[PDB]
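Every read-out reported here was derived from the displayed coordinates using simple, explicitly stated rules and does not represent laboratory data. So basically every Cβ, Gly included, is an ideal-geometry build from the backbone, and we count neighbours across all protein chains shown.
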């Protein structure tokens, strides 16, 4: 079976300026290639930690993380109002890589994407991510999808410099991925769509020279595959 | 015009033709299946070129004098003289030059590091270029195509010697120098073997080359350089069509040294480890 | 015979 | 942090190292320190040695057939492992003592001071049929319990670990590179001038290289075609100089520089292995066993040495060739440094489990 992560502290609220503890449990030996992503409700994910020990650039030092075997500890000395959002843990040493169901805390670069919308099941549909501000050959490009009430899953990855394609198990040979180097854009075609394909799709840019946690994301586009028109 | 001699020579020519045909065909088939099922090893780029060139030798040479020695005459146009003589001498010359080229390539590659089809082009071009003087050499007929043909009064006494020089002295002595430069096989100081294989293949190739090409050109000189050629009888007639002896063997000569194709043809007779791991530690 | 005066058969 | 181990087949010996790669600052070298867990219970040879080698593999085929390793030992060094030499006293590094306290007395340390001016960990692009160990340049540490050095290495009683060392781009840019030529023909008086310029001396693997090129043609003939080639001078020094040549990136421009005309254009070239897999034997950076690395990094040597190092020297250049209507071909050249950004971590190469 494929490697799973589990997010225990799903529920937490009414915490202000206090110790906030999050644990992610790895179903298998994954060493250190693990990262934590911040996504504001209704927004794009933002890179918090990679390797569980390396703070990302532009991140407050008050956030911290650590590894204890296959368990992984997220520490907040003092919670802030802007930190009430969705949190994700994910290994990045074995393709396919998958996110756990996001950890939501509750209180009382250019990556443009297009192509999605409504579609009937059993069809093909088009998406694209134009990237600007950086260099395509210097990174890999990835497709993740947001299914509500479902753990986030990476679905697609393209390596321009290596020229390789990577897909999830459920999507092998079901979708076509590509990228125009010249236009600096990633193209996507959904062949034989079904009900499981209903999700909100997000664009992720790697940084090729060595793989790490995804840094910058696109706002995403909805894709509802249903008989409704 | 001897009937029994004609029958015997036709039999000999057909037998050697079919022998070289079968040998070269099976060798080239093995090479093609290896290249399709694996690498286009340049080691073999040449042995395959040897196969193709030598099978072309068989096809373009044996059939013409087959046509003459069977029909005992000529029944065609005049430019067919030029065409047939060209397509005949081309194989003889090109085979020798491509042997030269492969020897040179191996000679450089005795210790050559990585270097990412040229020398085969070199050999082919050099052959087609040396194919020039035969234009003004062969003369006209005086019934059968281009009989009593002579380049000049010195054509039968200087051009023949130049042919002999260009076909042996540069080739055989050149390849001789080729292996003798491996004499400096002892590199890398002492050990912290191959000499036997090197010398054993070099000796074999050089001796087969010289011995196989000896009789045709020796009788060539004793019949051309010497006025009033001493022998016109039976012993000369058969031996003047036996130079293709190495054709069925020289590809085998190279294939024997190649442990890859040798094991391939012998199979086609009927055709403790560990793991890296990781741990943690205590800070401070 | 190839490049020399071959005896006539 | 974390530490890597490798367990020997016999289980009597085990090796513990901190980081797989070592930064070659050229001026100094990372001290390569590790430890060996030893089992005297099953040990019988009463002596253990650990040795570190740097070796470049013999090229592909040997005696008209490929396989086996006649690699030349570029540099080998040895050290006692167990029992430790009392005469050998050296200041242990912090990682060494950390591993010692974690494991105990059966862990015995060792340090290797790699001298500067040694070849970078460079690999050669294997052929698709190459099934043996990869050909190229690499370091290898190894452990084995034996009474002395002479004894035949017994594969049931030893262990090996291959390693690589890396260099990195200086943070200080050099002068902006320029080149120019003035080709004149016998047919005309006025000259044909050409100039090329690159923005910075340094580029990172996977990011574009932009060249500003200007041409001034006053001769009677006309410039017809443009060849642009990101190329690589690789020097081989197994026996002597061997500057084997293979370009990595090209493009053809059907642009034209008219007589008495000026041409000013920016050309963008960015190397990538995809269109270079076919170029068998193309130099690449170091590999662990067979994981697809990136392109070969620009070897950086200390200027004090006279560049005689018995190893592959890797330097990347860009070549601009202009062709004139029907000697007419003209070439100009500009070299550029090519190394990775500033390191911060290990090389976590990504692959399926």
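Compactness of region B:15-64, taken as the C-alpha radius of gyration over 2.2 N^0.38 Å, stands at 1.21.
Over chain D, DSSP H runs of length four or greater, each weighted -39,500 (n - 2.57), average out per residue to a 222 nm ellipticity of -1000 deg cm²/dmol.
Each part reduced to its alpha carbon centroid, region A:85-156 and region A:166-194 end up 12 Å apart.
On the principal axes of its alpha carbon atoms, the protein assembly as shown extends 121, 76, 65 Å, with the longest extent given first. The simple spin-label model puts a point 7 Å past each Cα toward its Cβ; for residue A:64 and residue D:277 those points are separated by 4.6 nm. By definition, a body whose alpha carbon gyration tensor gives a ≥ b ≥ c is prolate when a/c is 1.5 or more and a/b is larger than b/c, and chain A fits this prolate description. For region B:3-253, the percent of C-alpha pairs falling in each 5 Å distance bin, counted from 0 to the bin holding the largest distance, reads 1, 5, 11, 15, 18, 17, 12, 8, 6, 4, 2, 1, 0, 0, 0.
Does region B:195-271 come out rounded, prolate or oblate by the C-alpha gyration tensor, with a ≥ b ≥ c the root eigenvalues, rounded set by a/c under 1.5 and, if not, prolate when a/b is larger than b/c and oblate if not?
oblate
As a rough footprinting exposure proxy, the listed residues A:18, B:54 were ranked by other beta carbons within 10 Å of their own, and the order from fewest upward is A:18, B:54.
Taking every Cα-Cα distance in region D:4-166 and sorting them into 5 Å bins from zero, the calculated P(r) comes out as 2, 8, 17, 19, 19, 16, 11, 6, 3, 1, 0 percent.
Once Rg and the Kirkwood radius are both taken over the C-alpha atoms of region D:132-210, their ratio Rg/Rh works out to 1.37.
Per-residue shielding of A:157-164, expressed as the average number of other chain Cβ atoms within 10 Å of the residue Cβ, stands at 4.
Each stretch of four or more DSSP H residues adds -39500 (n - 2.57); spread over every residue of chain B, this sum gives -21500 deg cm²/dmol at 222 nm.
If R0 equals 60 Å, the separation of the Cβ atoms of residue B:203 and residue A:19 corresponds to a calculated FRET efficiency of about 0.10. Put simply, when D:262-271, D:190-199, B:275-284 are sorted by average Cβ atoms within 10 angstrom per residue, most first, you get D:190-199, D:262-271, B:275-284. For chain D, the normalised intensity computed at q = 0.08 Å⁻¹ comes to -0.51 (log10 of I(q)/I(0), Debye sum over alpha carbons, equal scatterers, no solvent).
Ordering B:33, D:57 by the number of other Cβ atoms within 10 Å of each residue's own Cβ, fewest first, gives B:33, D:57.
Based only on other Cβ atoms within 10 Å, what is the fewest-to-most ordering of B:191, B:122, D:137?
B:191, B:122, D:137
Look at the stretch D:344-353: the mean tally of other chain Cβ atoms within 10 Å of its residues' Cβ atoms is 6. With the Kirkwood sum run over all distinct C-alpha pairs, region A:89-199 has a hydrodynamic radius of 15.3 Å. Distance between the C-alpha centres of region B:159-174 and region D:177-207: 50 Å, rounded to the whole angstrom.
Between residue B:18 and residue D:186, the FRET efficiency estimated from the beta carbon spacing at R0 = 41 angstrom works out to 0.10.
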